[PDB]
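Peer 1:
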Amino acid sequence: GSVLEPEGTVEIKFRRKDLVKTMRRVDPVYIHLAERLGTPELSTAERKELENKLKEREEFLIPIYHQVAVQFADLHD
Amino acid sequence: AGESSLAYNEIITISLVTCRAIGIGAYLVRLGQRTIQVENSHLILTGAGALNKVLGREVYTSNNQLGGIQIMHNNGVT
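So the sequences go chain by chain: F and E. If you're matching positions, the first sequence starts at 2115 in PDB author numbering and goes up one per residue. If you're matching positions, the second sequence starts at 1804 in PDB author numbering and goes up one per residue.
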């Protein structure tokens, strides 16, 4: 039971930003990419490559993380 | 809501909706019965996005389509 059901909760309060936050905390691949991009003195190759690798990882990752989010909201209810 | 209902049977209640009344606000105004609605305001419970998403398309484009005077005045809600 809730003020607002979970799907409508996600619609307002569980956007992309939160998805990125969640990969950076939990997704190992995302962590890895970030670890290398988080290195000083990187080749422009590795840099551009990492940013691309990141966009690809995120979009491929999109389905699961929405359901986790709605589940999380419902747990308040 | 309950208090307002009782109050209504005992004293005068009047309400004016300027921009939008959502959820409990809507329900109390209706409960207040006497209701004024400013043009371009709208009166709804759940957003167009949610409904459109569940229904797979952009049925409604503006909350005014849903709860504006062009609805509530035309149906006697306002």
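The beta-carbon is built from N, C-alpha and C at its ideal position, and this holds for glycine as well.
1. Under a Cβ-count criterion, where at least 16 other Cβ atoms within 10 Å of its own Cβ denotes burial, should F:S2157 be classed as buried or exposed?
2. For the alpha helix (DSSP H) that E:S1808 lies in, which residues bound it at each end?
3. What three-state label does DSSP hand E:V1841 in the structure shown?
4. Could you pull out every residue in the same chain whose Cβ sits closer than 8 Å to the Cβ of E:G1826, ignoring the five residues on either side in sequence?
5. Can you list, in chain order, the residues of its chain whose CB lies under 7 Å from that of E:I1872, leaving out five sequence neighbours each side?
6. For E:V1832, does the three-state DSSP call read helix, strand or coil?
7. Nearest-angstrom Cα distance between F:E2163 and F:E2155?
8. Quick check on F:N2166: buried or exposed, where buried means 16 or more other Cβ atoms within 10 Å of its Cβ?
9. How about E:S1844 and E:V1832: are their beta carbons less than 9 Å apart?
10. Buried or exposed: where does E:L1858 fall if 16 or more other Cβ atoms within 10 Å of its Cβ makes it buried?
11. According to DSSP, simplified to helix, strand and coil, what is E:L1846?
12. Using a Cβ-Cβ cutoff of less than 8 Å, which residues in the same chain neighbour F:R2150 once the five nearest sequence positions on both sides are dropped?
Peer 2: On the basis of the supplied data:
1. exposed
2. 1805-1813
3. coil
4. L1848
5. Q1840, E1842, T1881
6. helix
7. 15 Å
8. exposed
9. no
10. exposed
11. strand
12. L2156, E2160, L2164
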